[PDB]
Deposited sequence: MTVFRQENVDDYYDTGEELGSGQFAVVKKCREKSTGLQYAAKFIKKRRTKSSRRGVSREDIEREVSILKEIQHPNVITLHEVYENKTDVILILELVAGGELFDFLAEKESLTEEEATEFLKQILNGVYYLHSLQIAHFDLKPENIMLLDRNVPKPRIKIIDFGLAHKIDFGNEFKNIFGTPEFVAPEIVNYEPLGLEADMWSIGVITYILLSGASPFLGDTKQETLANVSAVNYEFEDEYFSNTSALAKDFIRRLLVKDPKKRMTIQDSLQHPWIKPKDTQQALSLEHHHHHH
């Protein structure tokens, strides 16, 4: 699939940089024709077949195809796509309140504050999983706040760079996210399904409640070994006044066997979450 090949600068003015990763840089921008503001994500293309620098066209097209499907208050939306020799440029919805990660670092939350974030995350993931989309990279840096200066910030899930359609219940690809947040089936290179996201949600919940990462070791290999062994516990110093029901919720997500793990529907009916 090809994208708009006119110069993006003829239609948009860029401003402040929002952030950058290994292959992407994201800049605030403003569309000239409407005055409306967006986030322009520049993804560097691969320069040759075999290269490791840049993102393969297959991977870029997958991300764009998935983004085109989605319209939900808790997930980032796609406005337009441009490209030139060097980059594909995604014009995305602007979410300007920063990462949930940075929000956590500036402030543990109360259980109310934690569940207020978590419920939005669950709703976004319920939408995605209902469309058979696995995100595969859920973590606090991929949750963006609309406005961080309100008591209950609204959030949107971003970064669909590892996302896949799961049309046969599982996928068997080169898929590996951030060690602190990946499920054991990812660590063990096994077929992956929607269940992997639910594990990541368990890790996020543990962090929201305690300010500590449940599997984090001194090196990435230690973290991955910890994940595979389900080597986590609820430290009393962090969890002494946390409700047992919140611990139960986490415990039913951080389960090695993806078949016994709570699904997104299970998580919405769980007594800690259900109204």
Report summary line: According to the entry, C-alpha coordinates are missing for deposited residues 1, 109, 278 to 293
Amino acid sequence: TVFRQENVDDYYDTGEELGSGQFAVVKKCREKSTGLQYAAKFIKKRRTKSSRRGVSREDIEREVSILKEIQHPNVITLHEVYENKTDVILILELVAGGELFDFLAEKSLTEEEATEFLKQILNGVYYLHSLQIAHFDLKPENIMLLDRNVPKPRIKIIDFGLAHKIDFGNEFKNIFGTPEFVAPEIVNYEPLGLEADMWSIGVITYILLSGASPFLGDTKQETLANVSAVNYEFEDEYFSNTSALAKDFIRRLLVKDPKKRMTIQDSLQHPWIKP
From here on, numbers count along this sequence of modelled residues.
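Throughout, rigid core stands for the largest set of C-alpha atoms superposing within 1.5 Å between the two forms.
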Query raised in the report: Which stretch is more displaced from the shown form in 8 other deposited structures of this protein, 86 to 94 or 167 to 175, with RMS over structures and residues of Cα positions after a rigid core fit?
Result: 167 to 175
Query raised in the report: So which moves more in 8 other deposited structures of this protein by CA, 152 to 160 or 190 to 198, given a superposition on the core?
Result: 152 to 160
Query raised in the report: Where do the C-alpha atoms have the higher mean temperature factor in this entry, in 116 to 124 or in 167 to 175?
Result: 167 to 175
Query raised in the report: When the C-alpha temperature factors are averaged for each of 30 to 38 and 203 to 211, which stretch ends up with the higher value in the entry?
Result: 30 to 38
Report task. Tell me which of 93, 111, 180, 159 tops the list for C-alpha B factor in the record. Result -> 111
Query raised in the report: Among 247, 68, 45, 52, which carries the highest Cα B-factor?
Result: 52
**Report entry** Cα B factor band for residue 260 (lowest, middle or highest third within the chain)
**Finding:** middle
Query raised in the report: Going by the entry, which third of its chain does the Cα temperature factor of residue 85 land in?
Result: middle
**Report entry** Third of the chain's Cα B-factor distribution that residue 144 belongs to, per the entry
**Finding:** middle
Requested in this report: Looking at the entry's B-factor column for C-alpha atoms only, identify whether residue 155 ranks in the lowest, middle or highest third of its chain.
Outcome: middle
**Report entry** Ranked C-alpha temperature factor of residue 106 among modelled chain residues, by third
**Finding:** highest
